[PDB]
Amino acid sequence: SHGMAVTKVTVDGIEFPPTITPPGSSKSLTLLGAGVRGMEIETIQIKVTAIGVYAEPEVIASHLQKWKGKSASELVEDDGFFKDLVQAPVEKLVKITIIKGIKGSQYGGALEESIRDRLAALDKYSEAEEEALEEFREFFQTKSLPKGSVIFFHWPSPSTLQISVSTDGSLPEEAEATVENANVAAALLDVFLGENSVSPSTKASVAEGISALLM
């Protein structure tokens, strides 16, 4: 439209939709915040993906009431806030837009090993998690992730992880994989929102969104 107000959200120029329906779901989630995942390799700051976090705004707000009135800065500096967010028993979705093309096995292998190690550090790695991580890794082995492809990670509840990939950025229609393991599902969300997050900018953006939502 050239005549009515339009809203656009961008992460370094990359558009994110302000709302999304998870693959295979029927309900609509709103963008809480989004950021870039950068990697410093041999002193070069490479942008590799953009990450958007979605949930039902009023619903997630109702599960974060103690944080009401906190500014974005106060939330971003508080590990307890992000732990509440990761644990909140509400539907969540993370949309990843691939910036640097990569093989699925490389993306999935790196993430799987990080989850393995992070779970081990917390003493939350047992045979159940090992098995779930094999399922996770094997899903990504079947995919290619060229520039512009999208990954949808969907948590219909905190113990269930659904995954879908689109190589053209399109939104899939049912989940391609379902991994039933509470610890792996939570650990993946924590890769984005927890300590030693891969994207401080995503965390900061989500803190801004939630701070505003709560007020």
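When you see a residue number, it is the position in the sequence shown, counting from 1.
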Going by the mean C-alpha B-factor recorded in the entry, which is higher: 37-45 or 145-153? 37-45
Between 107-115 and 73-81, name whichever shows the higher mean Cα B factor according to the PDB entry. 73-81
Highest Cα B-factor in the PDB entry belongs to which of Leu64, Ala175, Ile51, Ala185? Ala175
Split into thirds by Cα B-factor across the chain's modelled residues, where does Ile60 land: lowest, middle or highest? middle
Could you look up the Cα B-factor of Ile163 in the entry and say which third of the chain it sits in: lowest, middle or highest? lowest
Where does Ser199 sit by CA temperature factor within its chain: lowest, middle or highest third? middle
Taking the C-alpha B-factors as the PDB entry records them, is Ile14 in the lowest, middle or highest third of its chain? middle
Is the Cα B-factor recorded for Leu32 in the lowest, middle or highest third of its chain? middle
